[PDB]
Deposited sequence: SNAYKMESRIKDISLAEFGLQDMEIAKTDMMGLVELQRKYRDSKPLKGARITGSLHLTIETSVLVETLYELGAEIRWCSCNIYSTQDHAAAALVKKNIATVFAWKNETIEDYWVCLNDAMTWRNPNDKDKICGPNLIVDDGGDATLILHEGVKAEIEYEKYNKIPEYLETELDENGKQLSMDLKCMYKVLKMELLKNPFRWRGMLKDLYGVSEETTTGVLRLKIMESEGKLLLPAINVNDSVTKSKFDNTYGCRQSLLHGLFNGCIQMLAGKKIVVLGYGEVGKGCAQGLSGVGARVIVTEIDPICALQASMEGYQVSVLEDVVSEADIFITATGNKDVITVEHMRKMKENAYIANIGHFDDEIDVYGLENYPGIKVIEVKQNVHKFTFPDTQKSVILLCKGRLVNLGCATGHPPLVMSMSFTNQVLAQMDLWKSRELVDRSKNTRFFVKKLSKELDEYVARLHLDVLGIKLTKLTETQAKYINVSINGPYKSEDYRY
């Protein structure tokens, strides 16, 4: 309700110290605070955020607060929260937080629901804006509205919320069961809750590829109920966070969760997109022999041109040492694959959720034995072969689960985009007239802003930009102040 749910408020001092050190490099957020803390462009805005509550995220939240917004926050992953970062926010009254490291899936959805719940002075209401990372906040909202419509239609709790199985007879994921449990609970309390939030919702800014995919599907089906900004596809996000962020954070995660030396090992990177590219650079950097799997012939060729062998998993599963999933897809590592792996092979996911690796199938395999090697590291032994595989973070984000995620510099680039997106959505609220238009679309930030995010971080690294002369600008057909590239330029 009014008060936060965190692990330990006494960790606040450590969180505040890390925030100040992190700000040395997060110049984008620091500049936005300096430029807008007086004018308060977000004054009066109620912002709910679902995003890994790390030290870096604390600076984002602080920035939103300095710009005048009231804030409620939760994490987008059960293992990613840094307790000292959460405590710092609560200690300084920057936001109302519902997050802690090592949440149960049930608590995850309760926290998200709590973060979405705001008290109207003199009754309940929702947020004005949403910062989402993976689409869970956006999902609970849309599924909540659907549940309420189905509830009024038949005057009973929808049967899909009570069943433990899906349309095809398979067990629902824990995440779906726990969300449904929350939705059912809210239908019993107030069946106009979700639709009531739509009146004041002016938008959502989505951080990731996976979340953007869900938004684009809803958009094309006429089911998106609020404006949305795709932050992921800003050049200063997808080409930095996804690539250079993972280059460092994958290693940090592997070094903490995997005791073995990476040098000389055959490490399979499944997927060679923006994340995979970064993972491969990092792994090579410390002597690993990277093997790539890929479905896209263009991405496969890119891997080959960087000197990496490109194979189908079946041909290298028995001899490779470590497997890293970076596909954003489902079942890229099956139970059948894991049974063919060699003794003490390590398996990790840097992609999304926990379905890239079939963790459910592994945990529920008949007669399988499991032991905790350390926090968030489990060794599974098959009964017939007596061979074992070691899974990091129960198949969830290894960089945020076994380590602290991306470092401040690149997160400042991603989060500067987030703040700019929130400001865009808020400044455009007058155009959101639900007595007229209710089905909305997804847009991206302009190239001008994209270049601006980069400008804001040049001094951190002592970068000196060259300035075009009037003649040069005319010659390459651009303004001296940009933008410098066409909209289709790939960097």
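Colleague: Write out the missing regions of the deposited sequence in sequence order, one range per stretch.
Modeller: In sequence order, the gaps with no modelled C-alpha are 1-4, 127-129.
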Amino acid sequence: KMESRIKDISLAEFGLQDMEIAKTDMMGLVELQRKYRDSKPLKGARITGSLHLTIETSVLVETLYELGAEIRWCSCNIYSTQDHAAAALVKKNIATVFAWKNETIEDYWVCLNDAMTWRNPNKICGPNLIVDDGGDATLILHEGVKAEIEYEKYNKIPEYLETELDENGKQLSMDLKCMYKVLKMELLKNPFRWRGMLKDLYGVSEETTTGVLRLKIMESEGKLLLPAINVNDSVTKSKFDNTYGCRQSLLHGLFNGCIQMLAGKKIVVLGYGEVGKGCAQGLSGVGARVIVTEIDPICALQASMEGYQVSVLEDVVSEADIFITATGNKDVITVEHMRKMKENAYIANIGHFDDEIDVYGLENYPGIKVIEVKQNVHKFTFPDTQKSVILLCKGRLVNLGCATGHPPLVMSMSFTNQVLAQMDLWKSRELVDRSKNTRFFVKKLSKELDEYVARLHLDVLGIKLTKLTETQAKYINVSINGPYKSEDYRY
From here on, numbers count along this sequence of modelled residues.
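Here, rigid core means the biggest group of C-alpha atoms that superpose within 1.5 Å across both forms.
Colleague: Rigid core superposed, root mean square over structures and residues, which stretch has C-alphas farther from this form in 6 other deposited structures of this protein, 76-84 or 167-175?
Modeller: The more displaced stretch in 6 other deposited structures of this protein turns out to be 167-175.
Colleague: Report the stretch with the higher root mean square CA deviation, pooled over structures and residues in 6 other deposited structures of this protein, choosing between 349-357 and 197-205 after a rigid core fit.
Modeller: So, of the two stretches, the farther one in 6 other deposited structures of this protein is 349-357.
Colleague: Please work out which of 409-417 and 339-347 has the higher mean CA B-factor as recorded in the PDB entry.
Modeller: Result: 339-347.
Colleague: Between 79-87 and 379-387, which has the higher average C-alpha B-factor in the PDB entry?
Modeller: The stretch with the larger mean CA B-factor is 379-387.
Colleague: Out of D233, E206, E294, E363, which one has a C-alpha B factor higher than all the others in the entry?
Modeller: Top of the list by C-alpha B-factor: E363.
Colleague: Among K266, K239, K181, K277, which carries the highest Cα B-factor?
Modeller: So the option with the highest C-alpha B-factor is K181.
Colleague: Mind checking which third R434 falls in for C-alpha B-factor across the chain?
Modeller: Within its chain, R434 is a highest-third residue by C-alpha B-factor, going by the deposited values.
Colleague: Is the Cα B-factor recorded for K153 in the lowest, middle or highest third of its chain?
Modeller: As the PDB entry reports it, the C-alpha B-factor of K153 lands in the highest third of its chain.
Colleague: Where does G134 sit by CA temperature factor within its chain: lowest, middle or highest third?
Modeller: It belongs to the middle third of the chain when residues are ordered by C-alpha B-factor.
Colleague: Using the temperature factors of the C-alpha atoms in this entry, rank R119 within its chain: lowest, middle or highest third.
Modeller: Highest third - that is where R119 ends up once the chain's C-alpha B-factors are sorted.
Colleague: Where does the C-alpha B-factor of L400 rank in its chain, lowest, middle or highest third?
Modeller: For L400, whose C-alpha B-factor we compare with every modelled residue in the chain, the answer is the middle third.
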